[PDB]
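Structure record follows, encoded as structure tokens.
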Amino acid sequence: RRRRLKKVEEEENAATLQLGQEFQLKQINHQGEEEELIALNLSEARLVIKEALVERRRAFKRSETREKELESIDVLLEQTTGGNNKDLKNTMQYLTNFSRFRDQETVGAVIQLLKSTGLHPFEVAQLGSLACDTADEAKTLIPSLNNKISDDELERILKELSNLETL
Amino acid sequence: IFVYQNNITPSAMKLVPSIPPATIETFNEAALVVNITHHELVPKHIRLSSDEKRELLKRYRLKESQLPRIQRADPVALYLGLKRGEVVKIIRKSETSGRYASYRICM
Amino acid sequence: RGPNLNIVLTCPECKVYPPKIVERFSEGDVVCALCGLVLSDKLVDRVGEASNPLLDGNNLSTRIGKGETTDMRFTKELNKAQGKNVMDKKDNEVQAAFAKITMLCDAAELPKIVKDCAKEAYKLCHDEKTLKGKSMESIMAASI
Amino acid sequence: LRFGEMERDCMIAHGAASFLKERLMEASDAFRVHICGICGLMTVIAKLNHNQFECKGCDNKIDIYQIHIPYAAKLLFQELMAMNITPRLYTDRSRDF
Amino acid sequence: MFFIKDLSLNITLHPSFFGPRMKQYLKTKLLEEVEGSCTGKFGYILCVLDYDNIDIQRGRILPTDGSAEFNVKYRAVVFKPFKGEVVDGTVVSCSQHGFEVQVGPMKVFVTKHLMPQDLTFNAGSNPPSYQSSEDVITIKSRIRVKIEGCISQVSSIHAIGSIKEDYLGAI
Amino acid sequence: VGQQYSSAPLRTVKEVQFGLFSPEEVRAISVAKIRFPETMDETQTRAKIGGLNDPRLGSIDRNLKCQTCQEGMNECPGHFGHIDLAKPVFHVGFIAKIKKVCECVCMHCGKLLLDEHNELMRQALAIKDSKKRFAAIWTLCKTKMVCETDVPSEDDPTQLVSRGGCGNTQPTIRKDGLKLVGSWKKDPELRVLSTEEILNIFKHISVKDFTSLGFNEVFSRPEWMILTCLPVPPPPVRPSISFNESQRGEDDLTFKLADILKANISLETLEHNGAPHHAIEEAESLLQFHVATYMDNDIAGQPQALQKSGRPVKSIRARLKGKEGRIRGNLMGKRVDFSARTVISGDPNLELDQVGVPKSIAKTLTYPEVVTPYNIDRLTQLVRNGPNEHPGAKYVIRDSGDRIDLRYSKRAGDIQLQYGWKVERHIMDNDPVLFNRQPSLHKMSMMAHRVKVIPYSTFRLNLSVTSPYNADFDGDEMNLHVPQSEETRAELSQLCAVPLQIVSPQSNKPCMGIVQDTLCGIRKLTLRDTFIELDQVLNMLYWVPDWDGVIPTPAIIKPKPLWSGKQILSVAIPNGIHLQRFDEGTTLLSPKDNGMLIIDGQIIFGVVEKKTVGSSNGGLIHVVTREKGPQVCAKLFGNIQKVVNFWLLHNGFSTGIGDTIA
Amino acid sequence: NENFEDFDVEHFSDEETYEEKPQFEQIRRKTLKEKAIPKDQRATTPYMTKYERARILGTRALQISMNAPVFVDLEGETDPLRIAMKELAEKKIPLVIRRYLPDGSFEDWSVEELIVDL
Amino acid sequence: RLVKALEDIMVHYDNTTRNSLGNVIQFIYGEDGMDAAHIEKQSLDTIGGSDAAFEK
Amino acid sequence: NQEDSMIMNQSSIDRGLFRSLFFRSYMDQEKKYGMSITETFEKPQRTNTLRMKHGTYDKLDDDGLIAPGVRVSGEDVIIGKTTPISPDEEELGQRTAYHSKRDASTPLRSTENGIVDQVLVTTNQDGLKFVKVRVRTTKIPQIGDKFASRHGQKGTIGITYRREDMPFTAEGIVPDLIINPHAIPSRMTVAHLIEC
Amino acid sequence: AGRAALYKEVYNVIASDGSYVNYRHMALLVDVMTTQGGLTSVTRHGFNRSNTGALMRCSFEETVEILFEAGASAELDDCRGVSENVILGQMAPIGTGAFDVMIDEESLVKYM
Amino acid sequence: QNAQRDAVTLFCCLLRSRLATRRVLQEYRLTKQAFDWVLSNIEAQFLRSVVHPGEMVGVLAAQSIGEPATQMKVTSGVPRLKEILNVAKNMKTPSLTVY
Ligand SMILES: [Mg+2]
Ligand SMILES: [Zn+2]
Ligand SMILES: [Zn+2]
Ligand SMILES: [Zn+2]
Ligand SMILES: [Zn+2]
């Protein structure tokens, strides 16, 4: 098998694509086959959480303006979640305080312009997460973008993204 | 099979291992006067095929090392000319079952 | 000052300080005498050698002797190696002084309390600035 | 009372296994000790009030298990560690049966 | 940041919940100690996907307790921080040691050694905060922090952040 | 109080991997460094920092916490230390093994003398297991006295190929006490081989070289045998005993570690401040001797370490080997709780599977029965009864693990029992307990009985089971063990019970039987001469508990209503049991009245003796336990012993001097 | 101490005598799904063994002891062991047994289908 | 000594008599798959008697 | 009386058959460890003594030694000894400046009882005070006590019968002790019969 | 034939004084003595040399030497023996512990 | 299946010897329900007589052999058992039986 012991390895670094011994590009499903690592930006994860919550609402039932959506997700969280639910409420408040994309159409647009870059899920998730407008700012924010992607390509990706947001 | 009279010199002994698959077996006349299989204590031995050995290892869900062993110097092993890695099936008389079947791999 | 490293046997239900604590040695528990709640179970009530660190201090040394199968030259070499040790020279000389005091009191057939008191007096009265010039016999007689 | 060798062997002969376990764990010394996942040693610093485990030599705080062993076995393992012999305890198999 | 992962949990179901509808009890007990729970292996597990079918194996009766040890395999969204990752956030508390910025489920501490020297602390103003010659850092204010390092325990993850890098701070 | 909760997963040990320690791992896992041989501080009241009893390594006092893990006595496992030795030393239990490696690899360049260019090396590499392969390599390379830098080619011995190696001649290495010396070949120069040279040679050994020697490249390298960083066991390994709660006598390991620190300090001072090579060799020999006697005092040809009192130092090997070691004296056989031991006396009015437990032993021994809705009232009454009067209870364990002693608790009022709490009640009747007689040579002497509480000071048990126990009441003692859980009590009652073990797997005959005078009386009950009158027949029928209630019709109707003994004994035998046996000269008519015939649960003819109810195959016991079951055979044991004991009570039996004279 | 001539053998003390005489695969691999043998080629005995019976009564008695929902109609029985025996007698116990083979593979068996003959 | 030598041997669920390593000692327990507790001494009527007795 | 047991007449036991006195002596000394590290015979009290045993201390005197004739019971102290320790500590919770002494008493055995017969104060070769306390009790023959013949016919008491249950001759002589017949011929002990 | 002669000799010793033992125990003993192709003695240098784990080899005799020879060779103990689980206190794979029990769901919902 | 028939052939021989046609119809004289009950009982007893797996037959065998050694020309008994278990190149009374 494997002679497991604390060998020599580099420390965990997000700039050198060393996300740990488990956070690899190829992950193993419960079915046993390999898949690409599923990494999300802020807006995409906010959606995935929101349809997760309404899917739990649909499962339990069978057996726009920021403030009204906030009170809707608050009543959804208070009726759906049980004890120790302050953390999910606080992180979903973080997501809706820093979300840039509202509907699933713009999220799909972001993922289809970002899937053609041929990059790791880490950098496309960060580029969907960071509200960047300068190529040098994107270079100094994500160190892995150095010697990986062109500056004008970053410029058109960021300007298309900056076109994409509403509210 | 080479059957000598008194002894074998070491200088001829060291060349007994020869080109495979040809094998050289040496037996003494005095050590082969009486057939040991005709004794009552020695039971019936049957050398098995590779398919039979694989079926034995699969049906009893064993490994090569999980079988009982017989050394490659036993007089019955030299009587059957056994080599390493083959399993002999042994049929013996049982006082609680009449007949009993065991298996031994030559090591 | 420093770490506390202290465990107090306080009952968490009575909240009375100091609590009445009963050590049930036969049943091996520590219980509160008010409510009967146990506090510490599996209590510990031979294998080493006795050494009181007041008669000779915190000296921890063992000698080398003949075993079942023993070469004499190895024993002589180990004894000579133990002889040329410079850290315990003060310990070696105070042990020699204790041996001379107990031999000299033992040839006087005095009780063991005399020897113990003389040894502790010699230990607590050693390495003193005011007592350095007197001969060792006077020190031993005064301690005795 | 001396639940000695031969008593244990007769308990083996009866096939009573949980009786043997509770004569060897609950009736004498059921010691809970934490071990590392990387190294098999029980040298794990466990602040259970702070709920923090830290294993020196592996620098991991996330791969610590807890096991129940007799204190005699724990003392045997620790004195073996003093003997420059390492009885590494792993919670998972490594080779097929 | 946010990931979608496949995790496995060993749940010790008590024999008291061995009813005919024990699957619902097992699911509720699973979501009681998963939502908002922090794990150093996988980060802060926030929410669980795929509720209609969760792979629940055959539960193991413990050899001395009688409780059933189930190996429940689920899919969940997690927030595992990494050192070298830049995140936005809002400051929730401040002190002369520095400020706590909330990113997702995590309180990242930016210490007084990790901002440029223009920022100075003051407690006379309400609230006690940090001010500089160009910007101020108060409670419930947007900021951007770079994670210099994170420490992961068995049940707690704490990260250290900085704003000394250029093009950081308030947006 | 139990043990506090932990968030670590609870797993079982599935594999145990042995090996050796690297010095780096010892220096990494250690929490402190030992610098002083002393243990106490200068005030003789606190643990010395950096000494042998540093609080970071652990604690051995109930009021003291550990400095590292911040926990008490029951939780702290103790933490190890490290000593950085000035010079490397050999491990005493590996020296000959090191000598074997000294006959395997080169002493100059640290390489194997013979590589794969030899047929004998290639066939030695074909050996699968480590021990036989290493033994073959050592026995075949011990005659090689040269490094063999240039060898003939394997395919043909016509050209010479230069393999690895320096070509220097290998000196003959022999052991002298605790050191190794080497004599070079005279074309002899004998010199002492230093330990650091052996360490450098072992470091020069490549991975494949000790892989062929069988050493694992991850867990046990040969270079880790050379001790240069000594581990320090925690104070729980080496506790300080108290003689009258005022003395601070330390363990023998503390003495040996203090001597090791003294030798290391002396060696360091001699190295730093300069010394002749005689002094350096003597100091390193003293350090090696101290390490060896710390690891093993019993060395052949070597003096042992002695204590102040004149006894030898109880080393690690002495504490591990022998009878009273850790393995044979604390792991295979250990003292247990919830047990009792006392002398024994027979009680023929008990059942076969029943043992008579004294009332004080019943009050002392405890069994935790949890509170259920099915036994709320019984457990509440047992709690309210208190630990003074049997039946009663001694402890109440709440669901958080806290335990209330019921004495020193009556003044605070009664405790309402909730579901899930435990009550450590006294052992009542029909409580299965395992019962033991040492030596316990076979499994028929570890047997599960049922408690019957009796008001005297002896274990009382049925007379039939004295044959598997190998017990007679001439002062013999037996032991009792109480199960502590429902699973354990249930498997003890369903596996080790008395009726389940009537037939012995030793010789497929019943190990139990009607023996001793109950065997004698059953001969005098079922003779031809014996007839029993009405006033005795009625009591002999009433003594059977499973008597069917109908009076058997007398074998003598008139002139006087008399029952025969065979007819009365046949009531104890259940129906449907048929046995046939013939002795010599035995027919369907029986003048000697030997043999035995049992038809439809009735004795037809034949006296009952050792051949019928004794511990023999083909008897009544074996037939009943193989045709009807174990419980019916145990009830048969009870019924026959009751009937025969009552009849011999009202009939009498003796022996005398006149019985032995012709 | 004591001085008795009543000879009491020291037990587990054979080391005296020890010191007297010291001188003289193919079908299953890794953790795949071939370990779980399906029901149609189970090669084990369909009769529940006495050890299996003992642990089933022990485990059911412990569950009933820790307040498990009892699947049978009691006649006032209070002891957990007798209730477990009643549950197994009329086959209302919902536990299964993994008969382990030496190679690591296993066969599952419901105690409802296991024939209880002893 | 005998108990320590025969310590780890047990009949597995395939009715083979194996030790801790899984090594086969007997391919079926007692060469018949039979517990010792259910053994009785029985007479074989065919092996005894004469040929005429067998025919009768 | 099976397996070498003996049936004993309970009335004979009540009249003193094999009833016996049991004397156990306890020795207790002092010794001087130095200047002030010593130990002393005095009655300990709850106010200023550490690690008190749970047994009753009222049986002692002013000098800490129990008067002879006083009944003692299970694990009750008969010799009271105390020794000074370091004051102002922090252990077990119940530690204060009052607890300047700790208990060094020697209690009675947890099962043994009886009557104190003789308490003896003297000095050894060292001149230090030491005491010897003799506890005297009765050992009534009950079930389990091993009785022997003069021919190796040992055995415990099986049971005790009173006179009205235990058999009797025509002269009214109820035996003192009933032994099993089967113990005689297996051992071939004829001298028991001839001695009788 | 060596195993047969061994069984006959042990039977002669057992039934020399008339004591009788069932066949299967004798067969198990002689099969263990002849399971390695040679007459493996029941001594310290007999059955204790087979690689069955360090803890059962050190439980009988020479604990320290066996632990040395295991630590040098880095022997991996499979922990399937009796004495390994006895030392570790976990349930041995014997008797009631020779299997594992799970809880069912199809029958559990089938009952009610 | 071959090993199973090999295991049960002696008991099948006993069953054929006892439950022959002549002995049943002449000596045993059963009826049809009686014979069916006999077949069912023999099958049930043989099924309950199989060794229960998980039984530690090794230590049981060791106890069953070590116990009769306690109870006790050529040497026999304890010294001969010592010479058997500790196999030795020499023995007390080496003997040969020539037919
Ligand atoms: Mg006796
Ligand atoms: Zn309290
Ligand atoms: Zn580790
Ligand atoms: Zn600690
Ligand atoms: Zn060389």
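By order in the structure tokens, chains are A, B, ...; within a chain, residues start at 1; ligands start at 1, following the order shown.
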- prompt: Counting only C-alpha atoms and all ligand atoms, what residues are within 12 Å of ligand 1, given as a PyMOL selection string?
  reply: (chain F and resi 343-345+437-439+466-467+469-478) or (chain G and resi 6-9) or (chain I and resi 3-5+146+153-156)
How about saving the chosen residues, C-alpha atoms kept, as a PDB file, in the first residue's frame?
ATOM      1  CA  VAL F 343     -14.046 -21.209  51.242  1.00  0.00           C
ATOM      2  CA  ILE F 344     -16.725 -23.632  50.144  1.00  0.00           C
ATOM      3  CA  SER F 345     -19.176 -26.110  51.620  1.00  0.00           C
ATOM      4  CA  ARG F 437     -11.585 -22.625  41.011  1.00  0.00           C
ATOM      5  CA  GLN F 438      -7.890 -22.207  40.378  1.00  0.00           C
ATOM      6  CA  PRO F 439      -5.791 -23.709  38.701  1.00  0.00           C
ATOM      7  CA  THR F 466     -17.651 -30.642  42.523  1.00  0.00           C
ATOM      8  CA  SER F 467     -16.272 -33.078  39.924  1.00  0.00           C
ATOM      9  CA  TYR F 469     -14.381 -27.995  39.632  1.00  0.00           C
ATOM     10  CA  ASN F 470     -11.961 -30.607  41.065  1.00  0.00           C
ATOM     11  CA  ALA F 471     -13.040 -29.305  44.462  1.00  0.00           C
ATOM     12  CA  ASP F 472     -13.412 -30.857  47.893  1.00  0.00           C
ATOM     13  CA  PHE F 473     -14.329 -28.915  51.015  1.00  0.00           C
ATOM     14  CA  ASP F 474     -11.122 -29.568  52.953  1.00  0.00           C
ATOM     15  CA  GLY F 475     -10.443 -25.828  53.048  1.00  0.00           C
ATOM     16  CA  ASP F 476     -10.485 -25.108  49.315  1.00  0.00           C
ATOM     17  CA  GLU F 477     -11.446 -21.618  48.166  1.00  0.00           C
ATOM     18  CA  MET F 478     -13.301 -20.492  45.074  1.00  0.00           C
TER      19      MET F 478
ATOM     20  CA  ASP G   6      -1.625 -26.424  53.942  1.00  0.00           C
ATOM     21  CA  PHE G   7      -0.034 -26.712  50.504  1.00  0.00           C
ATOM     22  CA  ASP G   8      -1.596 -24.082  48.218  1.00  0.00           C
ATOM     23  CA  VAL G   9      -0.263 -24.141  44.655  1.00  0.00           C
TER      24      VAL G   9
ATOM     25  CA  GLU I   3     -16.421 -33.957  50.307  1.00  0.00           C
ATOM     26  CA  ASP I   4     -14.761 -34.266  53.739  1.00  0.00           C
ATOM     27  CA  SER I   5     -17.169 -31.815  55.389  1.00  0.00           C
ATOM     28  CA  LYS I 146     -11.298 -26.273  59.079  1.00  0.00           C
ATOM     29  CA  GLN I 153      -8.908 -36.143  57.923  1.00  0.00           C
ATOM     30  CA  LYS I 154      -9.277 -32.397  57.593  1.00  0.00           C
ATOM     31  CA  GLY I 155     -12.472 -30.703  56.500  1.00  0.00           C
ATOM     32  CA  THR I 156     -14.543 -27.575  56.955  1.00  0.00           C
TER      33      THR I 156
END
field: Non-local contacts of residue K:72 (12 Å; only C-alpha atoms; under 2 positions in same chain excluded) as a PyMOL selection string
entry: (chain J and resi 13-19) or (chain K and resi 66-70+76-79)
Output the selection as a compact mmCIF listing (two decimals), in the first residue's frame - C-alpha atoms for each residue.
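Contents of result.txt, as written:
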# COMPACT_ATOMS: atom_id res chain seq x y z
CA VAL J 13 0.74 -41.83 26.18
CA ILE J 14 -2.84 -40.66 26.83
CA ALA J 15 -4.36 -44.15 27.04
CA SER J 16 -1.40 -45.71 28.87
CA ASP J 17 -3.28 -45.19 32.15
CA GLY J 18 -6.70 -45.72 30.55
CA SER J 19 -7.73 -42.07 30.20
CA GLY K 66 -3.22 -31.29 29.13
CA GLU K 67 -5.78 -32.42 31.71
CA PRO K 68 -5.33 -36.25 31.51
CA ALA K 69 -1.58 -35.81 31.95
CA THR K 70 -2.33 -34.47 35.44
CA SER K 76 5.10 -43.56 29.43
CA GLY K 77 3.16 -40.77 31.08
CA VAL K 78 4.52 -37.30 31.81
CA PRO K 79 8.19 -37.88 30.74
message: ligand 5: which residues are within 6 Å, counting only C-alpha atoms and all ligand atoms? Reply as an MDAnalysis selection string.
response: chainID F and resid 106 108:109 111 147 165:168
Could you take the residues named above and write them with N, CA and C atoms, as a compact mmCIF listing (two decimals), in the first residue's frame?
# COMPACT_ATOMS: atom_id res chain seq x y z
N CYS F 106 30.65 -3.39 4.85
CA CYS F 106 32.05 -3.01 4.98
C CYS F 106 32.25 -2.08 6.16
N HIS F 108 34.70 0.23 6.15
CA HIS F 108 35.37 1.44 5.67
C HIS F 108 34.46 2.33 4.85
N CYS F 109 33.80 1.78 3.83
CA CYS F 109 32.94 2.57 2.95
C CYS F 109 31.45 2.35 3.21
N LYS F 111 29.38 -0.39 2.66
CA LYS F 111 28.66 -1.03 1.57
C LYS F 111 28.72 -2.54 1.75
N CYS F 147 36.52 -6.38 0.89
CA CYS F 147 35.40 -5.58 0.41
C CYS F 147 34.98 -5.95 -1.01
N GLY F 165 32.76 -0.42 -3.72
CA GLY F 165 33.57 -0.90 -2.62
C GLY F 165 34.99 -0.39 -2.65
N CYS F 166 35.63 -0.32 -1.49
CA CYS F 166 36.97 0.22 -1.36
C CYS F 166 38.07 -0.82 -1.51
N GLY F 167 37.75 -2.10 -1.38
CA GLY F 167 38.74 -3.15 -1.50
C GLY F 167 39.55 -3.42 -0.25
N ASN F 168 39.28 -2.71 0.85
CA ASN F 168 40.00 -2.95 2.09
C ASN F 168 39.55 -4.27 2.72
message: Could you list, as a list in words, all protein and nucleic acid residues with an atom at most 7 Å from ligand 2, counting only C-alpha atoms and all ligand atoms?
response: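 Sorted by chain and then by number, the residues are residues 11, 12, 13, 14, 32, 33, 34, 35, 36 and 37 of chain C.
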task: Considering only C-alpha atoms, state which residue in the set K:94, K:59, K:75, K:83 is at the smallest distance from residue D:8.
output: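 Answer, going by the shortest atom-to-atom distance: K:59.
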field: Counting only C-alpha atoms, chain D residues within 10 Å of chain H, as a list in words
entry: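 For chain D, the answer reads residues 5, 6, 9, 10, 12, 13 and 97 of chain D.
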Let's have the selection written as a PDB file, in the first residue's frame, with C-alpha atoms.
ATOM      1  CA  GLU D   5      -3.575 -16.719  32.365  1.00  0.00           C
ATOM      2  CA  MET D   6      -5.448 -20.020  32.624  1.00  0.00           C
ATOM      3  CA  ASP D   9      -7.702 -19.281  28.336  1.00  0.00           C
ATOM      4  CA  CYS D  10     -10.783 -21.034  29.703  1.00  0.00           C
ATOM      5  CA  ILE D  12     -11.378 -18.154  25.391  1.00  0.00           C
ATOM      6  CA  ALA D  13     -12.605 -21.757  25.335  1.00  0.00           C
ATOM      7  CA  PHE D  97      -6.240 -10.435   5.117  1.00  0.00           C
TER       8      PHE D  97
END
task: Give the residues close to ligand 3, within 9 Å, counting only C-alpha atoms and all ligand atoms; write them as a list in words.
output: residues 5 and 6 of chain A; 35, 36, 37, 38, 39, 40, 41, 42, 43, 44, 54, 55, 56, 57, 58, 59, 60, 63 and 64 of chain D; 29 of chain F
task: Apply DSSP to the backbone of this structure and, from chain J, keep only the residues in strand (DSSP E); write these as a list in words.
output: residues 76, 77, 99, 100, 101, 102 and 103 of chain J
Prev. selection, N, CA and C atoms, output as a short mmCIF file (atom, residue, chain, number, x, y, z; two decimals), in the first residue's frame:
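What landed in selection_29.cif:
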data_model
loop_
_atom_site.label_atom_id
_atom_site.label_comp_id
_atom_site.auth_asym_id
_atom_site.auth_seq_id
_atom_site.Cartn_x
_atom_site.Cartn_y
_atom_site.Cartn_z
N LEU J 76 4.92 -5.87 11.22
CA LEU J 76 3.57 -5.33 11.31
C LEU J 76 2.65 -6.40 11.89
N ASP J 77 2.12 -6.15 13.08
CA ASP J 77 1.25 -7.10 13.75
C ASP J 77 -0.18 -6.88 13.26
N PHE J 99 -17.82 -12.02 14.78
CA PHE J 99 -18.68 -11.41 13.78
C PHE J 99 -19.02 -10.01 14.27
N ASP J 100 -19.78 -9.27 13.46
CA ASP J 100 -20.29 -7.96 13.84
C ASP J 100 -21.79 -7.92 13.62
N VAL J 101 -22.47 -7.12 14.42
CA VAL J 101 -23.91 -6.94 14.32
C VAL J 101 -24.21 -5.52 13.85
N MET J 102 -24.99 -5.41 12.79
CA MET J 102 -25.64 -4.18 12.36
C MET J 102 -27.12 -4.19 12.69
N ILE J 103 -27.76 -3.05 12.42
CA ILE J 103 -29.19 -2.87 12.62
C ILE J 103 -29.84 -2.79 11.24
#
message: If I take atom CA of residue C:30 and atom CA of residue I:107, how far is one from the other in Å, to one decimal?
response: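 Interatomic distance here is 19.3 Å.
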field: Contacts with ligand 4 at most 12 Å, only C-alpha atoms and all ligand atoms counted, listed as a ChimeraX atom specification
entry: /C:5 /D:33-34,42-48 /F:31,54-61,64-80,234-236
Just the selected residues (C-alpha atoms), exported as a compact mmCIF listing (two decimals), in the first residue's frame, please.
# COMPACT_ATOMS: atom_id res chain seq x y z
CA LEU C 5 -0.81 23.18 39.04
CA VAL D 33 -5.65 7.72 25.50
CA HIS D 34 -5.36 9.81 22.34
CA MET D 42 0.16 8.20 22.05
CA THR D 43 2.32 11.34 22.37
CA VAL D 44 -0.61 13.69 21.81
CA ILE D 45 -1.05 16.87 23.86
CA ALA D 46 -4.79 16.94 24.58
CA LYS D 47 -6.31 20.01 26.24
CA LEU D 48 -9.85 18.65 26.46
CA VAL F 31 8.32 18.36 25.52
CA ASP F 54 9.77 17.92 35.37
CA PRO F 55 6.02 18.74 35.44
CA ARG F 56 6.01 18.98 31.63
CA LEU F 57 6.81 15.25 31.47
CA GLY F 58 3.91 14.43 33.78
CA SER F 59 2.87 14.18 37.41
CA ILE F 60 2.31 11.41 39.95
CA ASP F 61 0.43 13.36 42.63
CA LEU F 64 -0.81 18.20 40.88
CA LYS F 65 -1.71 18.85 37.24
CA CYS F 66 0.48 18.17 34.23
CA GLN F 67 2.26 21.27 32.94
CA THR F 68 1.72 20.40 29.26
CA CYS F 69 -1.73 18.82 28.88
CA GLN F 70 -3.26 20.71 31.88
CA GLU F 71 -5.11 17.64 33.18
CA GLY F 72 -5.28 15.51 36.30
CA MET F 73 -4.15 12.03 37.25
CA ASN F 74 -6.78 9.90 35.51
CA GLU F 75 -6.37 11.63 32.13
CA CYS F 76 -2.65 12.40 31.81
CA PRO F 77 -0.73 9.73 29.84
CA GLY F 78 2.64 11.28 30.65
CA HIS F 79 5.03 12.96 28.22
CA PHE F 80 8.47 11.82 27.12
CA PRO F 234 7.33 9.78 31.87
CA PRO F 235 6.85 9.73 35.67
CA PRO F 236 3.80 7.41 35.32
message: Please return, as number ranges by chain, all residues of stretch 60-150 of chain A that DSSP assigns to helix (DSSP H, G or I) on the basis of the backbone.
response: A: 60-61, 66-80, 86-98, 104-115, 121-129, 135-141, 143-145
message: List the spatial neighbours of residue C:51 as a ChimeraX atom specification - criterion: any atom at most 8 Å away, only C-alpha atoms, same-chain residues fewer than 6 positions off excluded.
response: /F:247-250
